[PDB]
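These notes are about the structure you will find just below.
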Amino acid sequence: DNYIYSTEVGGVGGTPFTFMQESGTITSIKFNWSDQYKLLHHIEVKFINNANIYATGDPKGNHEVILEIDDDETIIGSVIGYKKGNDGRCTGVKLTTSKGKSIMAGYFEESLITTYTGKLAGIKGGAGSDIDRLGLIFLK
Amino acid sequence: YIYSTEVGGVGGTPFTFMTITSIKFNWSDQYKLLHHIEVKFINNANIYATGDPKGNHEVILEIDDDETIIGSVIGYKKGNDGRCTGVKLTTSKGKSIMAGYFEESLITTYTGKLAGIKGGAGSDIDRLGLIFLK
Amino acid sequence: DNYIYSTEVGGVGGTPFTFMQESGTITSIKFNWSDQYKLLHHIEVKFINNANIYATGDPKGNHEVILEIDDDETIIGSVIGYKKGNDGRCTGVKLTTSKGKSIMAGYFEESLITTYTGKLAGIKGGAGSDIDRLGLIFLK
Amino acid sequence: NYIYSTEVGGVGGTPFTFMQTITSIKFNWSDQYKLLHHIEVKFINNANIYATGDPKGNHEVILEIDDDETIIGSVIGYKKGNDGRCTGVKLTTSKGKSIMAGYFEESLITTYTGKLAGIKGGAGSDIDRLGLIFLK
Amino acid sequence: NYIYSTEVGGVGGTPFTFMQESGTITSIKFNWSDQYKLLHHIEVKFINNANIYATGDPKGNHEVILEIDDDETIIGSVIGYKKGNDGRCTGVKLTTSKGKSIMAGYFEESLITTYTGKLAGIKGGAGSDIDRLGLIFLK
Amino acid sequence: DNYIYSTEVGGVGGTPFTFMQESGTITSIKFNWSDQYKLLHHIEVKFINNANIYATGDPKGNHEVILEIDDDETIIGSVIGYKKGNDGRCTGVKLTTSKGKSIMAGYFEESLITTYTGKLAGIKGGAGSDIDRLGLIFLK
Amino acid sequence: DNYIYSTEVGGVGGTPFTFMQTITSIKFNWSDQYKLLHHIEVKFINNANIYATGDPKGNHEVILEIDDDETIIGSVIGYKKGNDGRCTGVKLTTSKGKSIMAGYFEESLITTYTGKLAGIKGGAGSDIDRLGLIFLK
Ligand SMILES: OC[C@H]1O[C@H](OC[C@H]2O[C@@H](O)[C@@H](O)[C@@H](O[C@H]3O[C@H](CO)[C@@H](O)[C@H](O)[C@@H]3O)[C@@H]2O)[C@@H](O)[C@@H](O)[C@@H]1O
Ligand SMILES: OC[C@H]1O[C@H](OC[C@H]2O[C@@H](O)[C@@H](O)[C@@H](O[C@H]3O[C@H](CO)[C@@H](O)[C@H](O)[C@@H]3O)[C@@H]2O)[C@@H](O)[C@@H](O)[C@@H]1O
Ligand SMILES: OC[C@H]1O[C@H](OC[C@H]2O[C@@H](O)[C@@H](O)[C@@H](O[C@H]3O[C@H](CO)[C@@H](O)[C@H](O)[C@@H]3O)[C@@H]2O)[C@@H](O)[C@@H](O)[C@@H]1O
């Protein structure tokens, strides 16, 4: 591929998902989480030049954040909080862009990945009630 | 034109105001929402208003002809019964404003030259999206 | 005009005033205010190459601040505090210059304008006992 | 060839004018009265100390200014009105030197900046009124 | 063509060397415990190689992963340890040339501030714990 | 003189001292001070190209600091704390160099002098049991 | 010499030592019990010998490895003054934002000369009695 694949972190649960577009970058990402369970429950992605919302997980959470990404905007800093192991869950995400935009979703109470940086082109993982595992995908 | 996600509820009357030289946010401590927004444009003296100026606070941001939004955050209640609660804007000249409350959900929007606003208002600002120039 | 007019903020009361010189900018501005009423009461302005003092409002306040402005010195940051509505008043002013000078007069308890920036050339509003309304005027 | 910052404070005291640039300036103030009482000034190529006011205060600060050194930041605290007094001074220089004398409880002037060339005002027992004077 | 940072901690554990002919680290995982306050397990991935190299026993209740871009160097590196023959490696702080930083474990006894540069591999000794850890850099 | 003399600050007491070497600058300066009396007691000075330690005052203080100065290193900030008057004393010294080296000695509880900056070439004042008075001397 | 010698700070005790050949590694051993340095090890560029002095009796150590092009921009040694003096701590900061901190700073301080750390010199037996840094020009 012409892509970089960040480690999927979290557990083995959920239905798999992959969100990529043939020559497309993420223009919008949404994280839904709960104070009650301290996990991510639901993720939405929009891509450049495509009106479709791609969604996974159950939007059961009392909070959401959206990050909109300009066409020339990169991720210069990215951290995913998670519970490790087979019954693991994805708990939080901090993103920071080349234009000083940042977002913070969920909780960071067990494990952390500091991912590869670049132009966010997609996400892969598994989800059901919760976001079980999550990995970012970048352009090279 | 770049259209930023309209955030908040499906309630109130649609509006579309379409570069911005002045924007005013009216909010209340009682309901912790935006109620009223005014906009003035370059080379036009008409004031475009929406929602009800019920709130006990207002802020005005005046934008220079060559000034851009380098930072923009809208707080809101998600759901069909959603509301805009708050706006934070930061400009290319270190100017910044802060209206309302940021107690539930947040969007960090596209940046650029603020060229208009779309959404729905009645008693309150139900939904708000920014619009930028390319 | 070769002038930018910032929104006049506060109420409709008081006698209109406009302080502007045919080809001059403000070299000195003084704000009078009170802890008792938590409003601006009085403003004085001197201009480059003019020894007249232009005054408006009643100097009844227990506090004053003077900002002296060098000829090549601009405002880069400007905020006016006020009470909105017909019975509105101007409550405070924060100015910051291109040479790191700043001043702070009065109170910021209700409403705010972040104004246009530039070379402060004049002011315009209404005053009697109090500063009813205030708007800044800049060069282009 | 001089810029005159507003003289701030009262109408009281014997007038003074110190001009000849300032190489040294000393402020004397009291915690009892919360005012400046006394100021001394030395100038470049001149060993005379020019004083005004009564050095009754329990604190002093001296700022020595290098020959190429400017004031980039200057604030004088005062009581406004005819019975007015100069209550405090903050100076910051082009070399990151700063000083703080006295109190800032009532009124403030943020003065013009530049090469500090002299001072002017009135003083008897207290510093009644103080204006800075700058080169162009 | 390689710079060897001091191996810190004890003499115990099976030796290990993770390095690939003309290949730098792209991912490194540190597993540690609040119970024993040590590193227990390290995993490493290399550029153009899908094999995971692991050592120690993954019994810790915490992990951190640092992914390294191909042009990304280490500008700050601190390893926490207990000195002596019975020694252990207790913690790792890394900072990269792109403002990425990670923090694993505890810094309660001894500290090395290592050489900097392009992290090429790791060497030391591990069994149920990481006994000893040294970094390996390109020039 | 090809020297600049900073005001000597503190009292008229002790024995006069003047530490200068024709065509040599300070390479080391030691300050000794007391928590008990909150004053400087004793200073030493070494010069470039001279092994003689010049000392003054009584080294009775429980603390000392040494600043070594590289041949090309200037003082870019200098503050001396002191007690004003005939019975005055020198209580404290902060120095900062052109290479970001700083030292801090003693207490700053009464009066302050922010001195001239430049190449520290010598010191002057008076001392017996304590440092009564201290002035810095700079090159041009 | 083509070297700058920092003031040796501490007491007159100990066997004298001088380690010169630039430093690629320096290790400080110190105790919470006595709150002094006890032991220093140095390795040099292109030399496998470990040069050691004092007694490694302390419960803490710190190692600073120094890249070939890396200098000391900040340097503070903590000590007890007088003839029965000791060296109590070291703070070094490098041109690459690296810093280490060993032992205690409860009495006296030297802010030393800076530059490329080329060696050390002092006296030690049970403790580090005195410590001076050596720099290139
Ligand atoms: O004959 C005395 C006169 O006294 C009062 O009116 C005059 C002033 O009253 C003040 O309290 C105030 O209302 C002033 O109003 C001016 O200033 C206010 C505040 O800025 C402004 O809003 C107004 O527009 C005016 O500029 C009045 O001047 C009354 O008691 C009156 O009845 C009486 O005749
Ligand atoms: O009767 C007036 C005044 O009398 C007493 O003060 C008198 C003198 O006091 C001196 O200490 C000094 O204040 C003199 O005034 C000079 O100094 C002040 C301060 O700068 C200045 O305002 C004056 O202009 C003079 O230069 C006074 O004359 C006191 O009883 C006082 O309370 C009383 O009002
Ligand atoms: O027996 C001699 C002397 O003993 C006592 O004074 C000793 C010292 O006491 C110090 O506190 C101080 O007073 C000293 O004064 C000298 O040093 C100070 C500090 O620098 C200085 O200001 C003075 O100018 C002196 O040089 C004393 O030396 C007393 O019992 C005394 O009465 C007796 O002479």
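Letters for chains follow the order of the structure tokens (A, B, ...), residue numbers begin at 1 for each chain, and ligand numbers begin at 1 in the order shown.
Based on only C-alpha atoms and all ligand atoms, the protein and nucleic acid residues found within 7 Å of ligand 1 are, by chain and then by number, residues 13, 14, 15, 127, 128, 129, 130, 131 and 132 of chain C.
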Written file, previous selection with N, CA, C and O atoms, as a compact mmCIF listing (two decimals), in the first residue's frame:
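Now in result_10.txt:
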```
# COMPACT_ATOMS: atom_id res chain seq x y z
N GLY C 13 -28.05 56.82 25.62
CA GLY C 13 -28.02 58.04 26.46
C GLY C 13 -26.81 58.92 26.19
O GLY C 13 -25.95 58.53 25.40
N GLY C 14 -26.76 60.08 26.84
CA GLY C 14 -25.64 61.04 26.82
C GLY C 14 -25.55 61.87 25.54
O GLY C 14 -26.17 61.53 24.49
N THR C 15 -24.76 62.93 25.59
CA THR C 15 -24.49 63.83 24.45
C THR C 15 -23.49 63.15 23.51
O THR C 15 -22.38 62.84 23.90
N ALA C 127 -21.83 60.54 26.15
CA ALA C 127 -21.54 60.63 27.59
C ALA C 127 -22.36 61.77 28.18
O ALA C 127 -22.58 62.75 27.45
N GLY C 128 -22.80 61.59 29.43
CA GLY C 128 -23.11 62.67 30.38
C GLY C 128 -22.40 62.49 31.71
O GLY C 128 -21.19 62.86 31.83
N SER C 129 -23.11 61.98 32.72
CA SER C 129 -22.52 61.61 34.03
C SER C 129 -21.51 60.48 33.81
O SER C 129 -20.53 60.38 34.57
N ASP C 130 -21.83 59.61 32.85
CA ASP C 130 -21.13 58.34 32.58
C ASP C 130 -20.72 58.36 31.10
O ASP C 130 -21.19 59.25 30.34
N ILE C 131 -19.85 57.43 30.71
CA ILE C 131 -19.62 57.09 29.28
C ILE C 131 -20.73 56.12 28.92
O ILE C 131 -20.74 54.98 29.45
N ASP C 132 -21.66 56.60 28.11
CA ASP C 132 -22.86 55.84 27.70
C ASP C 132 -22.41 54.81 26.68
O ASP C 132 -22.65 53.60 26.88
```
Near residue F:121, counting only C-alpha atoms, which residues have an atom at most 6 Å away, once you skip same-chain residues fewer than 5 positions from it, shown as a ChimeraX atom specification?
-> /F:25-26,137-139
Please extract the residues at most 12 Å from ligand 2, counting only C-alpha atoms and all ligand atoms, and provide them as a PyMOL selection string, using the chain letters and residue numbers of this document.
-> chain D and resi 9-16+33+35-38+52-56+81-87+121-130
Dump as a short mmCIF file (atom, residue, chain, number, x, y, z; two decimals), in the first residue's frame, selection limited to N, CA, C and O atoms:
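Result saved to result.cif:
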```cif
data_model
loop_
_atom_site.label_atom_id
_atom_site.label_comp_id
_atom_site.auth_asym_id
_atom_site.auth_seq_id
_atom_site.Cartn_x
_atom_site.Cartn_y
_atom_site.Cartn_z
N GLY D 9 0.26 63.34 39.32
CA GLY D 9 0.16 63.69 40.75
C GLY D 9 -0.38 65.10 40.99
O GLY D 9 -1.15 65.61 40.14
N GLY D 10 0.00 65.71 42.13
CA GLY D 10 -0.58 66.96 42.65
C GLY D 10 0.13 68.21 42.16
O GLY D 10 1.10 68.10 41.38
N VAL D 11 -0.32 69.37 42.63
CA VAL D 11 0.24 70.71 42.25
C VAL D 11 1.26 71.14 43.31
O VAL D 11 1.97 72.13 43.06
N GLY D 12 1.35 70.41 44.42
CA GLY D 12 2.20 70.75 45.57
C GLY D 12 3.67 70.65 45.23
O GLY D 12 3.99 70.28 44.08
N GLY D 13 4.52 71.02 46.20
CA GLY D 13 5.99 70.89 46.16
C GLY D 13 6.71 71.94 45.32
O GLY D 13 6.09 72.54 44.43
N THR D 14 7.99 72.14 45.60
CA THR D 14 8.93 73.01 44.85
C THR D 14 9.14 72.37 43.48
O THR D 14 9.51 71.20 43.39
N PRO D 15 8.93 73.08 42.36
CA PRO D 15 9.25 72.51 41.05
C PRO D 15 10.71 72.06 41.01
O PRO D 15 11.51 72.56 41.77
N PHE D 16 11.02 71.10 40.13
CA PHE D 16 12.40 70.67 39.80
C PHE D 16 12.43 70.24 38.33
O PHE D 16 11.41 69.82 37.75
N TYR D 33 3.46 55.79 54.52
CA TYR D 33 2.63 56.72 53.71
C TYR D 33 2.29 56.13 52.33
O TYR D 33 1.37 56.66 51.69
N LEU D 35 3.96 56.31 49.51
CA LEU D 35 4.32 57.31 48.47
C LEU D 35 5.82 57.26 48.22
O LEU D 35 6.55 56.81 49.12
N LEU D 36 6.26 57.82 47.10
CA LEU D 36 7.65 58.27 46.89
C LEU D 36 7.87 59.56 47.70
O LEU D 36 7.00 60.44 47.65
N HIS D 37 9.00 59.66 48.41
CA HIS D 37 9.42 60.87 49.17
C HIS D 37 10.60 61.54 48.46
O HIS D 37 10.65 62.79 48.48
N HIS D 38 11.50 60.77 47.84
CA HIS D 38 12.80 61.33 47.40
C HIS D 38 13.24 60.67 46.09
O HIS D 38 12.98 59.46 45.93
N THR D 52 15.82 65.72 44.98
CA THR D 52 14.59 66.47 45.28
C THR D 52 13.79 65.62 46.25
O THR D 52 13.95 64.41 46.23
N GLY D 53 12.99 66.24 47.10
CA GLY D 53 12.23 65.51 48.13
C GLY D 53 13.06 65.18 49.35
O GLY D 53 14.26 65.37 49.32
N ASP D 54 12.42 64.67 50.39
CA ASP D 54 13.03 64.39 51.71
C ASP D 54 13.22 62.87 51.83
O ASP D 54 12.26 62.11 51.77
N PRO D 55 14.46 62.35 51.96
CA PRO D 55 14.67 60.90 51.99
C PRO D 55 14.19 60.22 53.28
O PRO D 55 14.92 59.45 53.86
N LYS D 56 12.92 60.44 53.64
CA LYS D 56 12.28 59.93 54.89
C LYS D 56 11.93 58.44 54.75
O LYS D 56 11.66 57.81 55.78
N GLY D 81 -5.54 64.47 41.23
CA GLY D 81 -6.12 65.66 41.88
C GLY D 81 -5.06 66.63 42.36
O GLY D 81 -3.86 66.30 42.25
N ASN D 82 -5.49 67.79 42.86
CA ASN D 82 -4.59 68.90 43.26
C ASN D 82 -3.77 68.47 44.48
O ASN D 82 -2.58 68.81 44.52
N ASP D 83 -4.37 67.72 45.41
CA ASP D 83 -3.68 67.16 46.61
C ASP D 83 -2.97 65.85 46.26
O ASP D 83 -2.74 65.03 47.17
N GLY D 84 -2.66 65.64 44.98
CA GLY D 84 -2.14 64.38 44.43
C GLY D 84 -0.70 64.13 44.84
O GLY D 84 0.00 65.09 45.26
N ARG D 85 -0.27 62.88 44.72
CA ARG D 85 1.10 62.42 45.03
C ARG D 85 1.50 61.38 43.98
O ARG D 85 0.62 60.66 43.48
N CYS D 86 2.78 61.31 43.69
CA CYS D 86 3.37 60.19 42.92
C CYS D 86 3.63 59.01 43.88
O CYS D 86 4.32 59.21 44.90
N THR D 87 3.03 57.84 43.65
CA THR D 87 3.06 56.73 44.65
C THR D 87 4.02 55.60 44.28
O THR D 87 4.38 54.85 45.21
N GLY D 121 8.99 67.69 37.84
CA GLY D 121 7.78 67.65 38.65
C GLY D 121 7.94 68.58 39.82
O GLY D 121 8.70 69.55 39.70
N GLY D 122 7.26 68.30 40.93
CA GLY D 122 7.51 69.00 42.19
C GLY D 122 7.69 68.00 43.32
O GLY D 122 7.12 66.89 43.25
N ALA D 123 8.43 68.40 44.35
CA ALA D 123 8.65 67.61 45.57
C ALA D 123 9.04 68.54 46.74
O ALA D 123 9.93 69.37 46.57
N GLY D 124 8.42 68.37 47.89
CA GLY D 124 8.96 68.90 49.15
C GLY D 124 9.32 67.78 50.11
O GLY D 124 10.49 67.44 50.23
N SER D 125 8.31 67.28 50.79
CA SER D 125 8.39 66.22 51.81
C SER D 125 8.18 64.88 51.10
O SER D 125 8.83 63.87 51.44
N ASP D 126 7.27 64.91 50.12
CA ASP D 126 6.89 63.78 49.25
C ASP D 126 7.24 64.18 47.82
O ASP D 126 7.49 65.38 47.60
N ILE D 127 7.22 63.24 46.87
CA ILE D 127 7.22 63.54 45.40
C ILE D 127 5.77 63.79 45.01
O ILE D 127 4.97 62.82 45.06
N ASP D 128 5.44 65.05 44.71
CA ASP D 128 4.04 65.50 44.50
C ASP D 128 3.66 65.06 43.09
O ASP D 128 2.57 64.53 42.90
N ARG D 129 4.58 65.24 42.15
CA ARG D 129 4.29 65.18 40.70
C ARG D 129 5.60 64.82 40.00
O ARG D 129 6.68 65.27 40.47
N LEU D 130 5.52 63.96 38.98
CA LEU D 130 6.69 63.38 38.27
C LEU D 130 6.33 63.15 36.81
O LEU D 130 5.31 62.50 36.52
#
```
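Counting from atom CA of residue C:23, the distance to atom CA of residue C:140 is 12.6 Å.
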Counting only C-alpha atoms and all ligand atoms, which of F:110, F:72, F:64, F:58 gets nearest to ligand 3?
->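 Using only C-alpha atoms and all ligand atoms, ligand 3 sits closest to F:58.
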Compute the set of chain B residues within 7 Å of chain C, using only C-alpha atoms, and express it as a list in words.
->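 Close enough to count are residues 57, 58, 59, 60, 61, 62, 63, 64 and 95 of chain B.
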Would you kindly report the residues of chain F within 6 Å of chain G, using only C-alpha atoms, as a ChimeraX atom specification?
-> /F:63-68
Atomic separation - atom CA of residue C:3 relative to atom CA of residue B:41, Å =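 It comes out at 16.9 Å.
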